[PDB]
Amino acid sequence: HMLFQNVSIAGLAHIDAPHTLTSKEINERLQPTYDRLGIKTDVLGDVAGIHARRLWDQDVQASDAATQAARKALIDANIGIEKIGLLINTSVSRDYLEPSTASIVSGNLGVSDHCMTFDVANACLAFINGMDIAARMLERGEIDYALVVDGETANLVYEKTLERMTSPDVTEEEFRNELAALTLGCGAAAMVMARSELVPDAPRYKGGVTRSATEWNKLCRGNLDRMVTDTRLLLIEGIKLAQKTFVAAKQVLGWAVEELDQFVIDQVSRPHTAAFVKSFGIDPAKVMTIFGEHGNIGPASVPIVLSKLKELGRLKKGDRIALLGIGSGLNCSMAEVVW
């Protein structure tokens, strides 16, 4: 019924992580163990379509990556940190349980005594939830500008996950559920959202809709050291939920597929992406992809893709952009930006 009319996107930025680890290099150190279980296939590069991913320097924490991203977004919006009234950290990666990663980022930045901080956690949907929570405060006049940040680190998942599978003992089927950890990638993004009367020419966030199917809360379960995931069923119920969520998006957003100029989606693998496009009859040309060379950056994936699109001059004034994702839960969220 009632969309956001005065929430804009004032600045946007990403950080690509500096070290590359190729699925080839990974596959070499995994060959012994592939040859034990008699698996012929290259599940990373052939099936998933993931050929490289980036990793941070030694002991770069999430809050560091979020800080670098947040600094660039601030420069991109051409405002100083004294203007930020809210800072939401959305990452899966978290420096500690207590306190929030947001507070660490905000301290690194020197936010004012008026800036509210906290973390949102919700798998690959968290950035969109963060964006929506910020938009609610902006519209109410609680704040004029917000930072939504997200830094992801998988350095430790790789050290530990590899060693576990390349031991002498090794398991059998855990391998297939564990390999999903070797699709993960490091990266960061940040976005400065703002009240529109401040930034009249800037893109606008209208909000959107969420639907869920939390009955499947078992299927993807990540610690710091480990990610266990059934990808096959997550794919199907994911798409079933996405469909349902698109019906909701018709009703509140006034959406159809032919009308939308970009689909910015969570980045998992070639099969998640292809199934999605096929099910919804989407022009593949409107669907930018980064898992090929960066792997899965969880909730940073969406704003990384939007920022990349922006920087390549793909986004014309007036474009209608679908932000969407299918996160563990299962949850699904879909929202609109009008460039």
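So that there is no doubt, residue numbering starts at 1 and follows the sequence shown.
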When mean C-alpha B-factors in the record are compared for 306 to 314 and 40 to 48, the larger belongs to 40 to 48
Taking the recorded C-alpha temperature factors, which stretch has the higher mean, 193 to 201 or 168 to 176? 168 to 176
Residue, from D95, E159, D144, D132, that the PDB entry assigns the highest Cα B-factor: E159
Tell me, please, which of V7, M2, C332, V337 has the highest C-alpha B factor according to the deposited entry? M2
Among the modelled residues of this chain, does the Cα B factor of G238 put it in the lowest, middle or highest third? highest
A275 by Cα B-factor - lowest, middle or highest third of the modelled chain: highest
State the tercile, meaning the lowest, middle or highest third, of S103 with respect to the CA B-factors recorded for its chain. lowest
Within-chain third of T117 by Cα B-factor, per the entry: lowest
Lowest, middle or highest third: where is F263 by C-alpha B factor in its chain? middle
